[PDB]
Amino acid sequence: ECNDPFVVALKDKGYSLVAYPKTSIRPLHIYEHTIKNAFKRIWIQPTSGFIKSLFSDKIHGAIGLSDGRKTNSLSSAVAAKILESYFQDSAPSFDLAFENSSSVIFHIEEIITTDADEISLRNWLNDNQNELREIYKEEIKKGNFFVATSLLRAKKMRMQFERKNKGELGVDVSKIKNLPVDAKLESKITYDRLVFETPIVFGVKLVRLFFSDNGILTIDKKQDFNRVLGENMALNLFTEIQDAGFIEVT
């Protein structure tokens with residue numbers, strides 16, 4: 001459980017950090033939950049993952065879509081494990097590349113949010129429920145479907161490396177073996193800065209797509225309540241899904 005104010009703030013709004021997107025996920029798209037923090041893309045025959053494609057043609061609904069920090073000082077070994085997990089597909093090496101780094105700071109700036117209207121999403125699900133595909137209905141009953149209701153994108157992402165030894169670079173780019181993204185050093189002044197080129201997606205908000213107790217397609221846990229004007233939507237967030245810390249020894 002991370003204690004960094006950057007991540008703690010992210011879990012408050014139901015966002016979960018994303019590994020380097022082989023897929024480049026999109027808003028209002030469905031993903032099946034398999035194991036731990038792993039997901040699988042759902043393909044719906046234009047074959048897509050759109051949630052509107054789960055229904056027929058008779059849809060008269062508009063889901064409101066709208067396009068709208070930095071970490072504490074970390075030890076280099078922690079920062080090494082971060083990028084190891086973040087780029088787990090290509091398997092890069094960062095072990096002793098951060099030898100001259102006494103502390104590292106992640107910088108995630110120029111944030112653009114793609115936030116779908118969660119209130120509109122429920123009402124859209126309720127009104128168009130009678131048009132849901134039967135083949136997808138039985139799988140939705142399994143409870144593993146999650147709807148991406150919000151995206152966190154960053155135009156600028158850079159890492160600051162504090163020098164243990166001045167005169168030597170805080171990061172030794174030689175020992176960066178297999179990095180999927182392009183990185184170059186920033187202008188100097190007392191510390192080294194490392195920048196990564198971006199067009200990306202680092203955060204997603206996943207809400208479970210489920211049937212309530214009365215059987216209504218929704219994302220709200222308080223669906224079957226009597227409706228009051230002060231009612232808040234209690235989402236089934238994947239950040240709320242508890243994970244037993246099972247360790248695996250291969």
# chains A, B, ... in the order shown; residues from 1 in each chain; ligands from 1
>>> select_by_dssp(residues="stretch 71-218 of chain A", states="alpha helix (DSSP H)", output="ChimeraX atom specification")
/A:76-86,118-127,134-140
>>> select_by_dssp(residues="stretch 67-185 of chain A", states="strand (DSSP E or B)", output="PyMOL selection string")
chain A and resi 67+70+74+101-116+132+145-163+183-185
>>> closest_atom_pairs(of="stretch 81-111 of chain A", to="stretch 192-203 of chain A", cutoff="10 Å", atoms="only C-alpha atoms", output="CSV")
residue,atom,partner,partner_atom,distance
A:86,CA,A:202,CA,9.7
A:101,CA,A:192,CA,9.1
A:104,CA,A:193,CA,9.4
A:105,CA,A:193,CA,9.2
A:106,CA,A:194,CA,9.7
A:107,CA,A:195,CA,9.3
A:108,CA,A:202,CA,9.2
A:111,CA,A:200,CA,9.8
>>> write_last_selection(atoms="N, CA, C and O atoms", output="PDB file, in the first residue's frame")
ATOM      1  N   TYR A  86       6.161  -0.557 -14.306  1.00  0.00           N
ATOM      2  CA  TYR A  86       5.463   0.278 -15.279  1.00  0.00           C
ATOM      3  C   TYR A  86       5.734  -0.180 -16.707  1.00  0.00           C
ATOM      4  O   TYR A  86       4.831  -0.154 -17.551  1.00  0.00           O
ATOM      5  N   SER A 101      22.053   8.242  -7.795  1.00  0.00           N
ATOM      6  CA  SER A 101      20.840   8.931  -7.381  1.00  0.00           C
ATOM      7  C   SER A 101      20.610   8.694  -5.894  1.00  0.00           C
ATOM      8  O   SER A 101      20.477   7.545  -5.457  1.00  0.00           O
ATOM      9  N   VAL A 104      14.862  10.456  -5.925  1.00  0.00           N
ATOM     10  CA  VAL A 104      14.232  10.709  -7.214  1.00  0.00           C
ATOM     11  C   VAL A 104      12.839  11.270  -6.973  1.00  0.00           C
ATOM     12  O   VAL A 104      12.156  10.873  -6.023  1.00  0.00           O
ATOM     13  N   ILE A 105      12.426  12.205  -7.827  1.00  0.00           N
ATOM     14  CA  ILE A 105      11.107  12.826  -7.759  1.00  0.00           C
ATOM     15  C   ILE A 105      10.412  12.603  -9.093  1.00  0.00           C
ATOM     16  O   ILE A 105      10.942  12.984 -10.144  1.00  0.00           O
ATOM     17  N   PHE A 106       9.230  11.998  -9.055  1.00  0.00           N
ATOM     18  CA  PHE A 106       8.407  11.902 -10.251  1.00  0.00           C
ATOM     19  C   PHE A 106       7.615  13.188 -10.433  1.00  0.00           C
ATOM     20  O   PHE A 106       7.091  13.752  -9.468  1.00  0.00           O
ATOM     21  N   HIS A 107       7.543  13.661 -11.675  1.00  0.00           N
ATOM     22  CA  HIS A 107       6.802  14.871 -12.009  1.00  0.00           C
ATOM     23  C   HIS A 107       5.795  14.546 -13.098  1.00  0.00           C
ATOM     24  O   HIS A 107       6.179  14.182 -14.215  1.00  0.00           O
ATOM     25  N   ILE A 108       4.515  14.681 -12.777  1.00  0.00           N
ATOM     26  CA  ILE A 108       3.434  14.453 -13.725  1.00  0.00           C
ATOM     27  C   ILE A 108       2.693  15.776 -13.856  1.00  0.00           C
ATOM     28  O   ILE A 108       1.894  16.140 -12.986  1.00  0.00           O
ATOM     29  N   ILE A 111      -1.848  18.030 -17.062  1.00  0.00           N
ATOM     30  CA  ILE A 111      -2.846  16.980 -16.906  1.00  0.00           C
ATOM     31  C   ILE A 111      -4.098  17.355 -17.688  1.00  0.00           C
ATOM     32  O   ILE A 111      -4.624  18.465 -17.544  1.00  0.00           O
TER      33      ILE A 111
END
>>> residues_around(residues="residue A:129", least_positions_apart="3", cutoff="8 Å", atoms="only C-alpha atoms", output="NGL selection string")
:A and (125-126 or 132 or 216-217)
>>> write_last_selection(atoms="N, CA and C atoms", output="PDB file, in the first residue's frame")
ATOM      1  N   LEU A 125     -27.858   3.660 -18.687  1.00  0.00           N
ATOM      2  CA  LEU A 125     -27.931   2.210 -18.537  1.00  0.00           C
ATOM      3  C   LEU A 125     -29.340   1.763 -18.183  1.00  0.00           C
ATOM      4  N   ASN A 126     -30.042   2.557 -17.376  1.00  0.00           N
ATOM      5  CA  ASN A 126     -31.372   2.173 -16.920  1.00  0.00           C
ATOM      6  C   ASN A 126     -32.394   2.265 -18.048  1.00  0.00           C
ATOM      7  N   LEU A 132     -30.415  -4.365 -24.245  1.00  0.00           N
ATOM      8  CA  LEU A 132     -29.130  -5.017 -24.022  1.00  0.00           C
ATOM      9  C   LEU A 132     -29.072  -6.355 -24.752  1.00  0.00           C
ATOM     10  N   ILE A 216     -31.546  -4.340 -12.014  1.00  0.00           N
ATOM     11  CA  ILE A 216     -31.454  -3.182 -12.892  1.00  0.00           C
ATOM     12  C   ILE A 216     -29.999  -2.971 -13.283  1.00  0.00           C
ATOM     13  N   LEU A 217     -29.750  -2.875 -14.586  1.00  0.00           N
ATOM     14  CA  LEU A 217     -28.421  -2.568 -15.097  1.00  0.00           C
ATOM     15  C   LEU A 217     -27.988  -1.186 -14.630  1.00  0.00           C
TER      16      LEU A 217
END
>>> atom_distance(atom1="atom CA of residue A:78", atom2="atom CA of residue A:98")
10.4 Å
>>> closest_residue(among="A:103, A:242, A:214, A:45", to="residue A:162", atoms="only C-alpha atoms")
A:103
>>> closest_residue(among="A:1, A:139, A:67, A:57", to="residue A:113", atoms="only C-alpha atoms")
A:67
>>> closest_residue(among="A:148, A:44, A:62, A:140", to="residue A:16", atoms="only C-alpha atoms")
A:148
>>> closest_residue(among="A:95, A:118, A:138, A:89", to="residue A:218", atoms="only C-alpha atoms")
A:118
>>> residues_around(residues="residue A:71", least_positions_apart="5", cutoff="12 Å", atoms="only C-alpha atoms", output="PDB file with N, CA and C atoms, in the first residue's frame")
ATOM      1  N   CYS A   2       0.875   1.965  -1.131  1.00  0.00           N
ATOM      2  CA  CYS A   2       1.609   3.200  -1.257  1.00  0.00           C
ATOM      3  C   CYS A   2       1.086   4.283  -0.319  1.00  0.00           C
ATOM      4  N   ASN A   3       2.023   5.076   0.191  1.00  0.00           N
ATOM      5  CA  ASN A   3       1.684   6.155   1.113  1.00  0.00           C
ATOM      6  C   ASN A   3       2.044   7.528   0.562  1.00  0.00           C
ATOM      7  N   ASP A   4       2.441   7.571  -0.701  1.00  0.00           N
ATOM      8  CA  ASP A   4       2.808   8.840  -1.308  1.00  0.00           C
ATOM      9  C   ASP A   4       1.560   9.685  -1.544  1.00  0.00           C
ATOM     10  N   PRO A   5       1.596  10.972  -1.191  1.00  0.00           N
ATOM     11  CA  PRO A   5       0.412  11.825  -1.385  1.00  0.00           C
ATOM     12  C   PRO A   5      -0.072  11.885  -2.821  1.00  0.00           C
ATOM     13  N   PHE A   6       0.797  11.629  -3.798  1.00  0.00           N
ATOM     14  CA  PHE A   6       0.356  11.598  -5.187  1.00  0.00           C
ATOM     15  C   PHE A   6      -0.580  10.423  -5.438  1.00  0.00           C
ATOM     16  N   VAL A   7      -0.221   9.239  -4.937  1.00  0.00           N
ATOM     17  CA  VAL A   7      -1.042   8.054  -5.170  1.00  0.00           C
ATOM     18  C   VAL A   7      -2.259   8.049  -4.255  1.00  0.00           C
ATOM     19  N   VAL A   8      -2.080   8.460  -2.996  1.00  0.00           N
ATOM     20  CA  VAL A   8      -3.199   8.532  -2.060  1.00  0.00           C
ATOM     21  C   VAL A   8      -4.286   9.452  -2.602  1.00  0.00           C
ATOM     22  N   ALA A   9      -3.890  10.581  -3.196  1.00  0.00           N
ATOM     23  CA  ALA A   9      -4.872  11.462  -3.817  1.00  0.00           C
ATOM     24  C   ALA A   9      -5.582  10.762  -4.966  1.00  0.00           C
ATOM     25  N   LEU A  10      -4.862   9.912  -5.700  1.00  0.00           N
ATOM     26  CA  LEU A  10      -5.463   9.227  -6.839  1.00  0.00           C
ATOM     27  C   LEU A  10      -6.505   8.210  -6.391  1.00  0.00           C
ATOM     28  N   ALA A  79      12.350   3.750  -6.975  1.00  0.00           N
ATOM     29  CA  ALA A  79      12.108   4.265  -8.319  1.00  0.00           C
ATOM     30  C   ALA A  79      12.463   3.235  -9.381  1.00  0.00           C
ATOM     31  N   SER A 103      18.024  10.515  -4.279  1.00  0.00           N
ATOM     32  CA  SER A 103      16.572  10.587  -4.220  1.00  0.00           C
ATOM     33  C   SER A 103      16.055  10.948  -5.604  1.00  0.00           C
ATOM     34  N   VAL A 104      14.862  10.456  -5.925  1.00  0.00           N
ATOM     35  CA  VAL A 104      14.232  10.709  -7.214  1.00  0.00           C
ATOM     36  C   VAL A 104      12.839  11.270  -6.973  1.00  0.00           C
ATOM     37  N   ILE A 105      12.426  12.205  -7.827  1.00  0.00           N
ATOM     38  CA  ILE A 105      11.107  12.826  -7.759  1.00  0.00           C
ATOM     39  C   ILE A 105      10.412  12.603  -9.093  1.00  0.00           C
ATOM     40  N   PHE A 106       9.230  11.998  -9.055  1.00  0.00           N
ATOM     41  CA  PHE A 106       8.407  11.902 -10.251  1.00  0.00           C
ATOM     42  C   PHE A 106       7.615  13.188 -10.433  1.00  0.00           C
ATOM     43  N   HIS A 107       7.543  13.661 -11.675  1.00  0.00           N
ATOM     44  CA  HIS A 107       6.802  14.871 -12.009  1.00  0.00           C
ATOM     45  C   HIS A 107       5.795  14.546 -13.098  1.00  0.00           C
ATOM     46  N   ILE A 108       4.515  14.681 -12.777  1.00  0.00           N
ATOM     47  CA  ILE A 108       3.434  14.453 -13.725  1.00  0.00           C
ATOM     48  C   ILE A 108       2.693  15.776 -13.856  1.00  0.00           C
ATOM     49  N   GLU A 109       2.968  16.507 -14.931  1.00  0.00           N
ATOM     50  CA  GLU A 109       2.403  17.826 -15.161  1.00  0.00           C
ATOM     51  C   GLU A 109       1.629  17.835 -16.472  1.00  0.00           C
ATOM     52  N   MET A 157       5.831  14.419 -18.511  1.00  0.00           N
ATOM     53  CA  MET A 157       6.259  13.544 -17.423  1.00  0.00           C
ATOM     54  C   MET A 157       7.778  13.455 -17.377  1.00  0.00           C
ATOM     55  N   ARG A 158       8.349  13.811 -16.230  1.00  0.00           N
ATOM     56  CA  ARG A 158       9.794  13.876 -16.084  1.00  0.00           C
ATOM     57  C   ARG A 158      10.195  13.397 -14.696  1.00  0.00           C
ATOM     58  N   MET A 159      11.438  12.938 -14.592  1.00  0.00           N
ATOM     59  CA  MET A 159      11.992  12.484 -13.321  1.00  0.00           C
ATOM     60  C   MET A 159      13.197  13.322 -12.911  1.00  0.00           C
ATOM     61  N   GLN A 160      13.212  13.748 -11.654  1.00  0.00           N
ATOM     62  CA  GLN A 160      14.309  14.527 -11.099  1.00  0.00           C
ATOM     63  C   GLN A 160      15.190  13.626 -10.245  1.00  0.00           C
TER      64      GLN A 160
END
>>> closest_residue(among="A:17, A:233, A:205, A:56", to="residue A:136", atoms="only C-alpha atoms")
A:56
>>> closest_residue(among="A:219, A:72, A:13, A:145", to="residue A:41", atoms="only C-alpha atoms")
A:145
